[PDB]
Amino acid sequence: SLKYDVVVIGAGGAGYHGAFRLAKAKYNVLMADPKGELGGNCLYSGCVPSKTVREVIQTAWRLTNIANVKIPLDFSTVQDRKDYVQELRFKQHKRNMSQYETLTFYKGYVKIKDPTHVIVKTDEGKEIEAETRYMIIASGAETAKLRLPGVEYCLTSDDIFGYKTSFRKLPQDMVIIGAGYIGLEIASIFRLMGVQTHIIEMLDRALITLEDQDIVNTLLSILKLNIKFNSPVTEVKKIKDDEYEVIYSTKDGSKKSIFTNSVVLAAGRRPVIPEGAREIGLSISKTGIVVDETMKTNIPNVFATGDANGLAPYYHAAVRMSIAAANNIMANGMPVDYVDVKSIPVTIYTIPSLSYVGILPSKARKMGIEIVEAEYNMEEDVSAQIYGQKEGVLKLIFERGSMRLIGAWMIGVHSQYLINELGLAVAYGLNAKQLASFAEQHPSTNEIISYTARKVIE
């Protein structure tokens, strides 16, 4: 009834970067999100605040290893800094949005009527009915709605890192349900702030999202967390404030119990499908809305970007997917842009962190690619030594013959920065020689990459 070029459902990374590119091309674009803010869940309660918290505490700890006396920091001060940062960024995305005159934004939820028609339902409000030529579904994911008694007594990430959260005081000890990336991250950071942590995992292994058990095992050997495997939780009991009981079965079948001050549910997140999506015939699987590499669904004027598709549930990937949807829409659905998920780096933000990119040795084995590995030991890097954080390794994965760098992984200080240099090499197929001949800035940690590449040849 009002008319637009594109509707974007969801205003996280998956949505707004695309929307901004379209708007800049003078496309009329309607974006709607219930939060009424940009950044989605990742800004509201994921990466941004979690890293903020991670940095403040890492800075405290490095200083404690250097001045070798203990440093006094209240968790409420850490949570203030997390909020100050979230607040700057909400304002900044609004101020950047306000520059695009042909972009209209609504605080509300989009329901789909048919491939060219939607209805935006606002908070205390009416139906806005809209017509459109293309649609970008960028509705993200949510915390997995588990059916287990006591679920209501568990904290989630939203509670721990949410903007203006009231979780502002540390417990003496905490049980984390789940050994995936969110759980391990939470276990790492809270342990560093003085909390006793226990992880209980249903399955036999941590980090299912990473297919390579040898890499997972190396990280666990460095982390030395208290992890119980093969231990489904069957109930959470609340005794009183700050007193819970988590009940669980074991690999034998015998029930067992652990008492704690605080229970955190770190299950996987699940894709969020907008109302009406099934009804217009959109192919949807377990992992999410099915898309090809151009982000196009089985309905040809409908794209799906970010966690809604499940292809690579990390914020930087969602942004990349968003821009590719925008490009393809501008080219009127001709496939002019594509996303290469292999070459997207991933970081698990434990302390130390694990980063990786490309093809790792186990997938290489299954594809029949013959490889050669090069190895560096992080005890020998300058910054590691300064800060007293000497654990970890870098591993470069080269294909035999071409010696193309086809993959890389790294546990240690600054892996999040190094992984990008290496991801670039991987994405455009540089070889050991090119890596050896490059001369990274001394004394930065990136200097271990050309160094490690010089090794393989020698």
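Numbering starts at 1 and follows the sequence shown.
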Item to check | Stretch with the higher entry mean CA B-factor, where the candidates are 297-305 and 268-276 | outcome: 268-276
Checklist entry - Going by the B-factors listed in the PDB entry, is the mean over the C-alpha atoms higher for 100-108 or for 67-75? => result 67-75
Checklist entry - Among 358, 162, 281, 183, which residue carries the highest C-alpha B-factor recorded in the PDB entry? => result 281
Checklist outcome for this item: Entry record, C-alpha B-factors for 89, 237, 82, 320; the maximum is at 237
Next on the checklist: Considering every modelled residue of the chain and its Cα B-factor in the PDB entry, is residue 316 in the lowest, middle or highest third?
Outcome noted: lowest
Checklist entry - Split the chain's modelled residues into thirds by Cα B-factor; is residue 139 in the lowest, middle or highest one? => result lowest
Next on the checklist: Lowest, middle or highest third: which one holds residue 349 when the chain's residues are ordered by CA B-factor from the entry?
Outcome noted: lowest
Checklist entry - Split the chain's modelled residues into thirds by Cα B-factor; is residue 453 in the lowest, middle or highest one? => result middle
Item to check | For residue 130, the third of its chain into which the C-alpha B factor falls | outcome: highest
